[PDB]
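S.K.: Before I ask anything, here is the structure I am working with.
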Amino acid sequence: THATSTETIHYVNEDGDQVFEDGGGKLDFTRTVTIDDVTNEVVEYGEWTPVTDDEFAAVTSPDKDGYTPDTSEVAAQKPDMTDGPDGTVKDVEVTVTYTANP
Amino acid sequence: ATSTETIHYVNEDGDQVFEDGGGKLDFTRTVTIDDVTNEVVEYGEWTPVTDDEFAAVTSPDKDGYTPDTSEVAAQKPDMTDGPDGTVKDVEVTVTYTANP
């Protein structure tokens with residue numbers, strides 16, 4: 001199963017080259033699975049619940065002299081999640097671009 | 001999860017005079033587990049596949065004999081919960097006494 005969402009914030013320049021270490025972090029989720037004790041068949045899947053919060057906190061973009069990121073802060077992001085037998089908590093990808101001044 | 005009701009039909013000497021009576025009852029219970037750690041979160045209560053009690057059983061007629069009871073009453077099998085919870089079987093003994 002994949003119940004831990006990883007948020008990766010790519011910090012790059014206009015050429016797509018990494019200018020800072022990836023930002024972000026991780027968010028853990030869990031869900032219950034109810035089965036028949038006799039047949040071992042899955043009866044139903046519980047809703048995904050957060051171990052901490054259901055949203056990645058806002059992330060401040062690092063400062064680079066002579067450059068300006070398109071956003072000084074990536075807003076809080078809720079990772080997508082799927083239910084059912086193949087359900088999983090998805091990762092979050094974000095790309096912030098630093099453009100040279102002026 | 002299956003309870004078997006066994007009714008022994010014996011004479012005053014302890015010898016069986018009829019094949020065992022009774023029947024079977026099936027039950028099921030759900031088990032809720034943490035999909036990530038796989039720890040059991042909760043055990044559901046036992047539920048009957050059909051009924052929660054064995055129907056009353058008529059005792060066979062035997063010439064020159066009288067069973068202490070002509071009908072074993074409806075019986076509910078005992079059941080326990082938790083990790084080792086199970087539905088217990090039911091054991092009953094009917095005695096046929098020779099008529100003077």
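As shown in the structure tokens, the chain order sets the letters A, B, ...; within each chain, residues go from 1, and ligands are also counted from 1 in the order they appear.
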Counting only C-alpha atoms, what is within 12 Å of residue 86 in chain B, bar same-chain residues fewer than 4 positions away, as a list in words?

M.R.: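 My list of contacting residues is residues 37 and 38 of chain A; 1, 2, 3, 26, 27, 28, 29, 43, 44, 45, 46, 47, 77, 78, 79, 80, 81 and 82 of chain B.
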
S.K.: Provide as number ranges by chain the residues of chain B at most 6 Å from chain A, counting only C-alpha atoms.

M.R.: B: 29-36

S.K.: I need the chosen residues saved as an mmCIF file, in the first residue's frame, with C-alpha atoms.

M.R.:
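What follows is the written file selection26.cif:
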```
data_model
loop_
_atom_site.group_PDB
_atom_site.id
_atom_site.type_symbol
_atom_site.label_atom_id
_atom_site.label_comp_id
_atom_site.auth_asym_id
_atom_site.auth_seq_id
_atom_site.Cartn_x
_atom_site.Cartn_y
_atom_site.Cartn_z
ATOM 1 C CA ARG B 29 -18.340 -11.741 12.010
ATOM 2 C CA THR B 30 -16.413 -8.913 10.379
ATOM 3 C CA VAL B 31 -12.887 -7.917 11.398
ATOM 4 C CA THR B 32 -11.755 -4.323 10.900
ATOM 5 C CA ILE B 33 -8.026 -3.823 10.381
ATOM 6 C CA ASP B 34 -5.693 -0.863 9.912
ATOM 7 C CA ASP B 35 -4.730 -1.021 6.228
ATOM 8 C CA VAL B 36 -1.315 0.462 6.993
#
```

S.K.: Out of range 51-85 of chain A, which residues get strand (DSSP E) from DSSP, as number ranges by chain?

M.R.: A: 59-60, 67-69, 73-74

S.K.: Selection from above, C-alpha atoms, as a CSV table (one decimal), in the first residue's frame, can you write it?

M.R.:
```csv
chain,number,residue,atom,x,y,z
A,59,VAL,CA,5.9,26.4,2.0
A,60,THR,CA,8.1,29.5,1.9
A,67,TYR,CA,16.4,36.2,-8.9
A,68,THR,CA,12.7,36.2,-8.1
A,69,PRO,CA,10.6,33.1,-7.8
A,73,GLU,CA,5.1,30.7,-1.1
A,74,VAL,CA,3.5,27.6,-2.4
```

S.K.: Taking 2 positions as the minimum chain separation for residues in the same chain, which residues sit within 8 Å of residue 99 in chain B when counting only C-alpha atoms? Answer as JSON, numbers by chain.

M.R.: {"B": [64, 65, 66, 97]}

S.K.: At a cut-off of 6 Å, using only C-alpha atoms, what residues contact residue 6 in chain B? Leave out same-chain residues fewer than 6 positions from it and give the result as a VMD selection string.

M.R.: chain B and resid 21 to 22 91

S.K.: Pick from A:53, A:21, A:63, A:83: nearest to residue 99 in chain A, with only C-alpha atoms counted?

M.R.: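 Nearest to residue 99 in chain A: A:63.
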
S.K.: What gap, in Å, lies between CA of residue 58 in chain B and CA of residue 71 in chain B?

M.R.: 4.3 Å
